[PDB]
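Report on the following structure.
One-based numbering, in listed order, for ligands and for the atoms of each. Residue numbering restarts at 1 for every chain, and letters A, B, ... go by the order of the sequence lines. The figures here come from the full heavy-atom set of this structure, side chains too, leaving out hydrogens, waters and symmetry mates.
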Amino acid sequence: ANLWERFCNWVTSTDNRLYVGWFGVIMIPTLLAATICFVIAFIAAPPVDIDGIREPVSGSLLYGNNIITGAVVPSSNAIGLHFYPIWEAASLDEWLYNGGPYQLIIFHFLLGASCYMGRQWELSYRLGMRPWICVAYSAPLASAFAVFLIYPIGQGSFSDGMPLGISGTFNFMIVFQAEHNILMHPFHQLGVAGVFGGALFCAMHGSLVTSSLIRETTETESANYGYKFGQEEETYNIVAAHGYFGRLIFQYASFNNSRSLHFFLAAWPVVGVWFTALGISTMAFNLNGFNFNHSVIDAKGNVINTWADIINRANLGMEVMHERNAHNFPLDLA
Amino acid sequence: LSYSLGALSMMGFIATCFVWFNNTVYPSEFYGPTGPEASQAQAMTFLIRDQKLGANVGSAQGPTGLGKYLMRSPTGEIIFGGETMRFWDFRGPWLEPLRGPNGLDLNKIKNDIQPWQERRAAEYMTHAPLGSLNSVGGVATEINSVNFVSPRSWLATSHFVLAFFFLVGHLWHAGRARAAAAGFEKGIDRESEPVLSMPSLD
Amino acid sequence: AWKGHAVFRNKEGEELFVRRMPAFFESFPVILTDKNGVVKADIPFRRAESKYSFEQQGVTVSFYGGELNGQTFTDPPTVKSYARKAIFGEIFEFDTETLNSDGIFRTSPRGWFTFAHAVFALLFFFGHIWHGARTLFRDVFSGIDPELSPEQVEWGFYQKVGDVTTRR
Amino acid sequence: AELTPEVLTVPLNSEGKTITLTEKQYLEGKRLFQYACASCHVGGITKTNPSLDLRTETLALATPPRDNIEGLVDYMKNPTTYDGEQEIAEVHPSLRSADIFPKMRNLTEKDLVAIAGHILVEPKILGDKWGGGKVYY
Amino acid sequence: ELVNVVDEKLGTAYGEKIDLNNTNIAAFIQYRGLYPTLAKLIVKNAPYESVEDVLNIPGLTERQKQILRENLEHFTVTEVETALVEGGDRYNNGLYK
Amino acid sequence: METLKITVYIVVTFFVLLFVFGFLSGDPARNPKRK
Amino acid sequence: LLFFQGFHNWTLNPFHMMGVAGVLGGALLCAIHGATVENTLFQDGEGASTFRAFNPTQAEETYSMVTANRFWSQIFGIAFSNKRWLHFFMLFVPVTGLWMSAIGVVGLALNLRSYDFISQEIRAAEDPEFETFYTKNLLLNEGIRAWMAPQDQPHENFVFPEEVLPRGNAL
Amino acid sequence: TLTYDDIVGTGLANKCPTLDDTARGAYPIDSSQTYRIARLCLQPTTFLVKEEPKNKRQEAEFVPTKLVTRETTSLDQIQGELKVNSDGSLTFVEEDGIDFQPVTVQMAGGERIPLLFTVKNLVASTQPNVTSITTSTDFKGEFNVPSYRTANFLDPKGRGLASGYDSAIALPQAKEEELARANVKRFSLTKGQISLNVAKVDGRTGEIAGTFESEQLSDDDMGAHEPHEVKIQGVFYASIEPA
Ligand code: CLA
Ligand code: CLA
Ligand code: CLA
Ligand code: CLA
Ligand SMILES: CC(C)=CCC/C(C)=C/CC/C(C)=C/CC/C(C)=C/CC/C(C)=C/CC/C(C)=C/CC/C(C)=C/CC/C(C)=C/CC/C(C)=C/CC1=CC(=O)C(C)=C(C)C1=O
Ligand SMILES: CCCCCCCCCCCCCCCC(=O)OC[C@H](CO[C@@H]1O[C@H](CS(=O)(=O)O)[C@@H](O)[C@H](O)[C@H]1O)OC(=O)CCCCCCCCCCCCCCC
Ligand SMILES: CCCCCCCCCCCCCCCC(=O)OC[C@H](COP(=O)(O)OC[C@@H](O)CO)OC(=O)CCCCCCCCCCCCCCC
Ligand SMILES: CCCCCCCCCCCCO[C@@H]1O[C@H](CO)[C@@H](O[C@H]2O[C@H](CO)[C@@H](O)[C@H](O)[C@H]2O)[C@H](O)[C@H]1O
Ligand code: OEX
Ligand SMILES: [Ca+2]
Ligand SMILES: [Ca+2]
Ligand SMILES: [Cl-]
Ligand SMILES: [Cl-]
Ligand SMILES: [Fe+2]
């Protein structure tokens with residue numbers, strides 16, 4: 001056909017080693033830009049005045065960091081939610097000072113990962129698959145939106161978005177506990193249930209299927225040689241697996257339907273991680289974890305502490321120390 | 001359904017930001033102060049207090065070297081200092097009387113602050129939209145006493161959750177609708193498996 | 001060398017005791033109590049409302065035994081230095097140069113021995129479980145019986161789980 | 001320990017006269033203090049001016065002395081700065097500025113006594129924690 | 001040798017009494033009648049060569065002067081310490097509760 | 001900075017245009033079954 | 001949890017980090033495997049609900065490994081091809097994770113922490129303009145210790161007068 | 001005229017007002033009237049830093065720097081009495097205003113120079129017998145430069161002057177003396193020097209405008225290192241009033 005119809009045929013081709021697709025056409029450049037900026041900044045960027053108090057924090061390896069302490073540092077609190085592209089700055093010198101690379105990385109990354117999700121829908125359509133893998137991916141993606149975009153929005157600043165580094169991430173967690181008591185938030189609790197459960201059922205499923213592989217290999221060769229790519233027969237015996245698990249707990253506590261079993265494997269961590277994302281996205285608007293501080297009172301009115309109150313004492317330590325030069329007035333309101 | 005789900009998710013998200021930032025169609029008199037507004041009210045409250053005490057608020061240098069009460073935005077406008085620097089885009093009827101062409105006006109700050117402005121700023125500072133899920137108002141380390149969560153937090157949080165699940169609903173139904181229109185929503189035909197008819201990748 | 005035992009006193013001549021660092025703490029404040037545990041002096045963080053600083057309380061320190069025996073120090077920075085050492089208990093002079101020492105505590109052989117052995121003991125538990133399992137299940141290491149009767153894994157077909165002769 | 005008649009006995013006036021509150025007034029005082037005051041004075045501190053707290057010793061050194069029912073009742077009618085030099089009804093809630101502090105509109109004299117009673121009783125229960133702020137949480 | 005000037009000041013009368021030349025204004029709340037009106041005036045008109053000089057502040061009512069007189073035993077004066085007086089720190093020194 | 005801005009605007013418009021026209025070009029038909 | 005952060009700086013510890021990788025990687029493997037099976041199912045029934053189109057005793061795979069493999073290869077660049085490997089890997093990742101966290105906790109029994117990076121401390125001690133996220137988090141820890149210890153460790157009878165408590169400006 | 005919403009985000013809020021090319025007049029001074037500057041505005045256009053050579057036989061030059069803190073540099077709303085002296089000179093005595101801005105500039109090679117750009121406590125004078133302020137009038141004066149960080153500021157390990165630790169707590173047993181400079185915070189107070197060269201006058205309005213150059217020390221990080229010498233140049237504007 002015409003040049004365009006050939007292009008369309010290529011973009012959407014089921015035969016490319018890596019699927020491109022229309023989402024891919026946005027995904028490829030945005031992810032490349034984010035990746036490249038990230039790598040260069042992580043290695044070489046100068047210190048960033050994250051809290052807009054002229055107190056530049058060093059993130060990069062060349063400026064005295066290791067893999068663990070290193071980061072791409074959030075953009076200046078003096079910027080807030082203003083859009084700070086490279087052309088808004090008088091120079092790259094200024095751009096680097098104010099944390100411009102962070103906005104560039106997280107914006108291209110979020111667009112790219114959103115397209116990564118669209119691309120998963122797309123390929124499954126091209127391949128005649130059912131379409132919901134992309135929905136499972138919406139859970140980590142939502143979590144990434146929570147810490148890089150929604151939280152900044154609620155709090156009025158990208159300086160409060162998660163830093164793009166290991167120790168930075170911990171800083172974000174700790175300040176978050178001080179300001180929102182995230183541990184006492186039931187959406188975070190559902191998140192824990194989601195990831196602890198996800199790990200558990202992973203270990204379980206892995207182990208139940210493995211324990212049930214049909215004898216196909218010699219006593220010396222890997223059992224993996226007992227399964228061939230594309231074979232039509234199922235490589236393990238699900239009835240034996242159920243016979244084991246149904247007896248481990250009780251019969252009806254166990255799955256004999258592979259389809260409902262794999263559904264539960266998809267649903268449990270995905271829903272729990274949705275709640276995690278929504279925990280962060282709703283504490284973005286300062287609806288916080290349960291507060292039982294001084295909840296138990298004695299007959300006279302003496303406060304009888306609980307474990308909630310010892311949590312409070314730790315949160316207070318975080319609160320008063322964090323960003324030790326940034327507050328001038330008595331309440332931290334964002 | 002899926003198209004409508006997508007448009008509702010989008011609208012939910014817009015609604016979340018509307019109630020969070022906007023104080024015209026969500027008047028702070030009824031809905032409580034915005035987060036930015038309450039943060040701006042705190043700096044105004046202490047500026048008032050301290051200047052009453054004799055402080056020259058324009059030339060008071062804070063620990064970092066930036067002005068304790070007043071400083072410049074990145075484009076030069078006079079704005080409140082401390083953390084609330086981020087909130088300098090806030091505009092509110094108790095505050096605009098002090099704003100001149102260059103931002104907050106030091107002449108007006110020194111002479112023209114009316115009692116009703118002090119009152120509203122104290123009110124808004126102390127009704128910031130922060131509180132716990134069990135409706136203890138305050139920071140997360142606050143003791144029980146005040147039963148408050150701003151209507152703004154309830155409206156933003158609820159609608160972020162709703163907009164979010166609607167987006168999922170959109171992906172679910174869009175993807176299911178595509179598959180059902182093409183005829184493979186119930187699974188792969190074992191005897192016409194598309195991948196088996198394609199060249200191998202490598 | 002031992003520097004000798006530091007005794008601290010306020011301007012009243014009352015003996016003061018530095019609260020010792022518990023092991024849990026990487027860093028620890030300097031607080032001096034009287035013999036009944038009442039706070040008498042400290043090293044403040046915020047100074048503007050300080051009430052118990054060494055300067056205000058006239059804290060001095062005298063040494064008995066060791067290198068500094070019979071000496072008394074009244075310069076506040078000096079007294080404050082000895083008190084920071086006193087959170088570690090008895091005060092010693094060290095050579096920090098021969099080894100380019102960094103001033104940060106390390107454990108001893110007792111600590112290193114304990115760590116390696118508790119870790120190796122725990123990992124040896126997995127080793128036990130693994131080999132025990134290989135021992136008792138040798139017959140199924142390459143997989144289960146390719147035609148294991150569905151009756152032995154389904155329910156109520158046998159009286160005793162696994163026993164073919166307990167058929168109903 | 002109990003909320004006893006001794007705990008509930010507080011100075012009525014500057015001249016050493018006491019008054020014993022009932023448990024019901026105490027509870028009333030706590031309720032109405034929450035209703036009208038705690039947004040700024042939760043815990044005996046003052047959010048909008050932390051230099052001034054509701055500690056008994058602080059109240060005693062106000063002018064006029066506010067460490068008694070009568071002093072507190074009068075504060076709630078016609079609040080002053082700490083040196084009594086200035087009338088701050090325009091920026092501090094009181095019966096005098098119930099037009100602009102609308103929660104003040106249905107506080108009766110008896111309500112004012114109950115709140116004063118709360119303010120004087122709490123530190124007798126909580127000690128330094130009353131007016132102590134976060135250090136004491 | 002280098003010295004922390006604030007710690008040093010705690011060794012002088014600034015560590016014992018309200019120093020009219022240095023002490024942050026919230027300290028005046030500790031005595032009847034000083035805060036906010038006299039405290040504002042004392043800080044605005046500092047430094048003082050002696051404690052008594054506080055009585056020579058222009059515009060004082062008679063009871064104002066009398067309150068000053070009653071509280072002189074609680075005051076002191078030392079040299080202006082730059083670190084205590086810069087940054088408007090006499091008005092707000094960054095300490096709340 | 002201005003040329004940078006203009007270059008990027010052009011870049012982004014190009015890719016956005018590809019994405020829009022791309023899905024406008026009979027996407028539902030691009031599947032292996034019913035077309 | 002918070003005690004471990006403040007006192008042991010447990011987040012810095014590489015054995016806890018492998019733990020996190022195993023737990024989050026396990027949860028990822030769980031979500032991704034369950035979703036992949038469910039979206040490469042064969043049509044073995046007429047029902048628009050597909051759960052009934054499975055038989056525990058049936059010989060055949062209920063989903064296409066072939067399509068699943070092609071999908072991930074083109075999406076992510078790599079895919080499983082061996083189902084026995086895939087499942088073994090699902091056992092391996094979270095199990096190994098939890099084992100690693102255990103080793104770190106054995107370390108913490110002895111206060112043998114991964115608390116500090118000495119090179120950062122020396123630079124920071126000598127250069128008061130040097131700051132990283134690692135220095136920032138230690139100030140948080142020192143806040144946690146000072147503020148929680150007196151009520152959390154009552155047998156120590158800690159009395160920390162207000163003036164000694166570490167605090168930043170205002171707060 | 002222009003309102004806040006005309007100006008917001010343009011850069012104009014950091015710009016001192018200018019005078020027309022017709023503003024070449026003379027503003028008469030009556031030695032019997034008292035005056036004030038009701039608004040002094042200083043907009044920097046160049047920051048120069050004096051290089052520090054390895055041998056002090058080389059002549060050290062002021063070199064250009066790049067501004068990295070954006071349009072947050074101008075001093076404004078400054079006011080104070082304008083005295084007429086015995087000899088007819090004028091003296092400006094600054095009483096108040098937005099009279100400092102923390103500024104960071106970068107040397108070639110990337111060294112960052114923080115400074116507290118300021119005219120705090122400015123006392124500036126003209127030449128004698130100033131019967132009118134003209135485009136030939138100049139002010140020359142001195143001002144104070146207090147520490148760039150005020151006394152509560154805590155370094156990254158928590159150490160400070162009026163607050164903070166007094167030691168390097170991460171090195172519990174290191175020797176103190178080598179770290180004394182880092183551990184014992186100090187608060188500088190130095191002098192700076194400024195010159196204001198009038199170039200425009202509206203006699204009908206009391207407004208003047210011209211160029212200025214000042215010199216002051218940069219941040220010494222609370223005693224931790226030696227400050228550099230900075231030279232700031234820009235435009236100014238002032239409104240004089242009978243008062
Ligand atoms: C797919 C390609 C792509 C996309 C989507 C982006 C996107 C972005 N770039 Mg990146 N970039 C790319 C490729 C891309 N870049 C490449 C190849 C390079 C190297 C040359 C760069 C180098 C670069 C730099 C140096 C910077 C960016 C920045 C940005 C951001 C702002 C761009 C902007 O203002 O557009 C404005 C242009 C438009 C709005 C044009 C759209 C006009 C159409 C006709 C209207 C339709 C739009 C509509 C709202 C929605 C689309 C349809 C929808 C319904 C599906 C944004 C995250 C900046 C940033 O990160 O700041 C923090 C920044 O500084 N880019
Ligand atoms: C639990 C379910 C639930 C509940 C209880 C609410 C409740 C609410 N929503 Mg949410 N919503 C939900 C689910 C829900 N929503 C979901 C799933 C979505 C999509 C994600 C949304 C999206 C949404 C948006 C986008 C908005 C709300 C808003 C609101 C609030 C106002 C509703 C309103 O006025 O509608 C409008 C009512 C109608 C369209 C019905 C017709 C109304 C007529 C035209 C009004 C006539 C008025 C006029 C003056 C009369 C003239 C007469 C004259 C001649 C005298 C209310 C608190 C608003 C808000 O407060 O957000 C912060 C808002 O902007 N909701
Ligand atoms: C996370 C965002 C996201 C994703 C991955 C999808 C995915 C999908 N959509 Mg939905 N959509 C969304 C949000 C999304 N949607 C929203 C918020 C709306 C409300 C307007 C819609 C409205 C919609 C309609 C009306 C249709 C779909 C359809 C589809 C499906 C087919 C592909 C398609 O036509 O895409 C179209 C994609 C969009 C309309 C939005 C994609 C947004 C992402 C973020 C990419 C944007 C890239 C952009 C060029 C970058 C801007 C850069 C900027 C700086 C200029 C596919 C499952 C089609 C389908 O088959 O329905 C059953 C269809 O007809 N969608
Ligand atoms: C991304 C965030 C994240 C993630 C994924 C993890 C993940 C993990 N953490 Mg870390 N944590 C984090 C952040 C995180 N942490 C942060 C920021 C901190 C602050 C420093 C901590 C502080 C922390 C501590 C202090 C500890 C962990 C531990 C762990 C491990 C716990 C494993 C487990 O399931 O134990 C759950 C418990 C078990 C699995 C034991 C067996 C339980 C039996 C089977 C229970 C049977 C129940 C029975 C049926 C009854 C039910 C009754 C019902 C009524 C309740 C795991 C690697 C632990 C660890 O490392 O262990 C070695 C640990 O002690 N974490
Ligand atoms: C001293 C004396 C007196 C001694 C006498 C002793 C004696 C004789 C006692 C007998 C008397 C007696 C019974 C007393 C009772 C005492 C008592 C009640 C003890 C119980 C205490 C207790 C809490 C026990 C256990 C609780 C328990 C097991 C909780 C588990 C709940 C739970 C999460 C269940 C799982 C539910 C679920 C949906 C699981 C599926 C998820 C999963 C594992 C997926 C992986 C998976 C599953 C499959 O399904 C198949 C197929 C495959 C492939 C696969 O991947
Ligand atoms: C107190 C007042 C009460 C009112 C309030 C109620 C509100 C709550 C609403 C919730 C109802 C949801 C019902 C959905 C059932 C369903 O999934 O059907 C789909 C399949 C079909 O089941 C399968 O059913 C099949 C038959 S069929 O498909 O249904 O026809 C069969 O073949 C198969 O063996 C069988 O397992 O369900 C299953 O596979 C069984 C196990 C999984 C079901 C629960 C998990 C789903 C989400 C996980 C939970 C996440 C939360 C944890 C967070 C960390
Ligand atoms: C748009 C494209 C997006 C591109 C993303 C690029 C993704 C790179 C993919 C991983 C490639 C490495 C695989 C080597 C290993 C390799 O070649 O595996 C290929 C292997 C193939 O599995 P089979 O089932 O074919 O193997 C047969 C077995 O029986 C072996 O005997 O896949 C797996 O084992 C899956 C589980 C590991 C998946 C691990 C992913 C790890 C993520 C990386 C984490 C560290 C990152 C460090 C950051 C500095
Ligand atoms: C900023 C957004 C831009 C706004 C534009 C949106 C307005 C709508 C304009 C629609 C007009 C174009 O209409 C659409 O375009 C492309 C390119 O011409 C066509 O062309 C395509 O046809 C078939 C469709 O099966 C494809 O297989 C083929 O590869 C391609 O050539 C579409 O079949 C046509 O339906
Ligand atoms: O910046 Mn980051 O952190 Ca959210 O809170 Mn406010 O602001 Mn800042 O202090 Mn707390
Ligand atoms: Ca050495
Ligand atoms: Ca001239
Ligand atoms: Cl921090
Ligand atoms: Cl602040
Ligand atoms: Fe499986």
Might you check, step by step, whether the distance between atom 39 (C) of ligand 1 and some protein heavy atom is under 4.0 Å?
no

Please determine whether a side-chain nitrogen of the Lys or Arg among B:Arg178 and F:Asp27 lies less than 4.0 Å from a carboxylate oxygen of the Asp or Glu.
yes

Per-atom contacts, ligand 1 versus F:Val16 - under 4.0 Å to a heavy atom:
51 (C)

Hey, does A:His108 come in under 3.5 Å of ligand 1, counting only N/O atoms on both sides?
yes

Would you mind listing which atoms of ligand 1 come within a distance below 4.0 Å of any non-hydrogen atom of A:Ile26?
1 (C)

Does F:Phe14 have a non-hydrogen atom less than 4.0 Å from ligand 1?
no

The closest protein heavy-atom partner of atom 41 (C) of ligand 1 is F:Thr13 OG1, 4.3 Å

If you take the centroid of each ring, where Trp contributes its six-membered ring, are H:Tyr165 and C:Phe45 closer together than 6.0 Å?
yes

For residues A:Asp51 and A:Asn77, is any side-chain donor paired with an opposing acceptor at under 3.5 Å?
no

Below 4.0 Å, non-hydrogen atoms only: which portion of A:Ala33 touches ligand 1? Side chain, backbone, both or neither.
neither

What atoms of ligand 1 come closer than 4.0 angstrom to any heavy atom of A:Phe83?
31 (C), 61 (O), 62 (C)

For a quick check under 3.5 Å, do A:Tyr151 and A:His180 share a side-chain donor-acceptor pair by atom type?
yes

Confirm or rule out an N/O/S atom of C:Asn100, from backbone or side chain, lying less than 3.0 Å from the Ca ion (ligand 10).
yes

Donor-acceptor pair between A:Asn286 and A:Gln155 side chains, under 3.5 angstrom:
yes

Please write down residue, atom name and distance for the protein heavy atom closest to atom 22 (C) of ligand 1.
F:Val8 CG2, 3.8 Å

Is there a donor in the side chain of H:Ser167 and an acceptor in the side chain of H:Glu176, or the other way round, less than 3.5 Å apart?
no

Checking a contact table here: which protein heavy atom is nearest atom 14 (C) of ligand 1, and how many Å away?
F:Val12 CG2, 3.9 Å

At what distance is the nearest protein heavy atom to atom 18 (C) of ligand 1, and which residue and atom is it?
F:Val11 CG1, 4.5 Å

Please check if any side-chain donor atom of A:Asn16 sits under 3.5 Å from a side-chain acceptor atom of G:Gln74, or the reverse.
no

Look at atom 33 (C) of ligand 1 and say which protein heavy atom is nearest, naming residue and atom and giving the distance to 0.1 Å.
F:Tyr9 CE1, 4.4 Å

Side-chain donor-acceptor pair present, H:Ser163, G:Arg167, cut-off under 3.5 Å:
no

Any protein heavy-atom neighbour for atom 44 (C) of ligand 1 (distance below 4.0 angstrom)?
no

Are G:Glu121 and G:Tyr134 close enough that a side-chain donor and a side-chain acceptor fall under 3.5 Å?
yes

Distance to 0.1 Å, residue and atom name: give those for the protein heavy atom nearest to atom 64 (O) of ligand 1.
A:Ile86 N, 3.0 Å

B:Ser39 versus B:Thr84, side-chain donor and acceptor atoms under 3.5 Å:
yes

Atom 4 (C) of ligand 1 - nearest protein heavy atom and its distance:
A:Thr30 CG2, 3.6 Å

Atoms of ligand 1 under 4.0 Å from any heavy atom of F:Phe19, numbered from 1 in the order shown, are 55 (C)

I'd like to check which ligand 1 atoms, numbered from 1 as shown, lie under 4.0 Å from a non-hydrogen atom of A:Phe107.
57 (C), 62 (C)

For atom 63 (C) of ligand 1, closest protein heavy-atom neighbour:
A:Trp87 CZ3, 3.5 Å

Ring centre gap for B:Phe164 and B:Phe13 strictly below 6.0 Å:
no

